[PDB]
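Given next, in structure tokens, is a single chain: the form deposited in one PDB entry.
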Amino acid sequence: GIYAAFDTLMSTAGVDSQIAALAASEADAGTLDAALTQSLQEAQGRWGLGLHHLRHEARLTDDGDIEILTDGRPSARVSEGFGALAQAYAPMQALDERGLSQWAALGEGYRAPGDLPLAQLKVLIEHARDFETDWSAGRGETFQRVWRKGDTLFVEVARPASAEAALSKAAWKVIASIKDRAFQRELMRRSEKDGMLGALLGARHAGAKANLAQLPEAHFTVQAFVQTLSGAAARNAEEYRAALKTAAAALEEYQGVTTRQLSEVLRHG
């Protein structure tokens, strides 16, 4: 129950946590807590909530729950449901009008501007220590930023999307595959007033949202991808450019995968 719920939450970020399997294999509390924390941190890299500056942890509780914490303080328990977790994260976020986090990944300190010319950024990569840039536009509606902490360089590529927008996209993917042109016309007609999701479920927009409130996809979706480099590669400009391409490609891949999976779930409604 709880473990399967955590696994489904992780799948919205493209993370295969296999917590249910681990628990089914008689793994101990330390092992489960470590796998939970690692999976949560990876998911935080994908959800695009903008909480890189916080320490994310997950652990088993006495009464059989999974507690999710940020900076050592309890945020929510899996038993409360996915919406409760999203609401717990909400007041910690600071998103701009484009849906990009305004928080720095390194926290308090100087941050390079988003429009920093690529040559100057190459100077930072080769010869600085810790550094961070703000968001800049990237190829094809994406945004990107980069920061280095210690020995690790982080390249983040994002394409913001609300969970509702992703749900609407998956529902439209289901509607577009309907071969019966008459039924598809009816779905188009319902979509005019109620939108994609309500049309697919034959209800008003809010009624469809209420029917889907139980899915983690109703509150979390893939918005970004973080590619890392370490050692000498963390100081190499060409390795950074390659990491940027890898990050963009992985972002497109994960968004496509999670959208297709969500569409396959929707079809049964």
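Just count from 1 along the sequence shown to find any residue number. C-alpha atoms forming the largest set that superposes within 1.5 Å between two forms make up the rigid core.
Below, we turn to the form deposited in another entry, even though it does not appear here.
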**OP:** After fitting the rigid core, tell me which of 215, 210, 237, 34 has its Cα displaced by at least 2 Å between the shown form and the other one.
**Re:** 210
Original post:
Taking the rigid core as the reference frame, is the Cα of residue 88 displaced by 2 Å or more between the shown form and the other one?
Top reply: no
Original post:
Can a Cα shift of no less than 2 Å be assigned to residue 183 between the shown form and the other one, given superposition on the rigid core?
Top reply: yes
Original post:
After the core is matched up, is the C-alpha of residue 77 off by 2 Å or more between the shown form and the other one?
Top reply: no
**OP:** Relative to what we see here, could you say if residue 215 and residue 193 have their Cα atoms closer or farther apart in the other form, with a change of 3 Å or more?
**Re:** closer
Original post:
Against the shown form, C-alpha atoms of residue 204 and residue 162 in the other form: closer or farther, for a change of 3 Å or more?
Top reply: farther
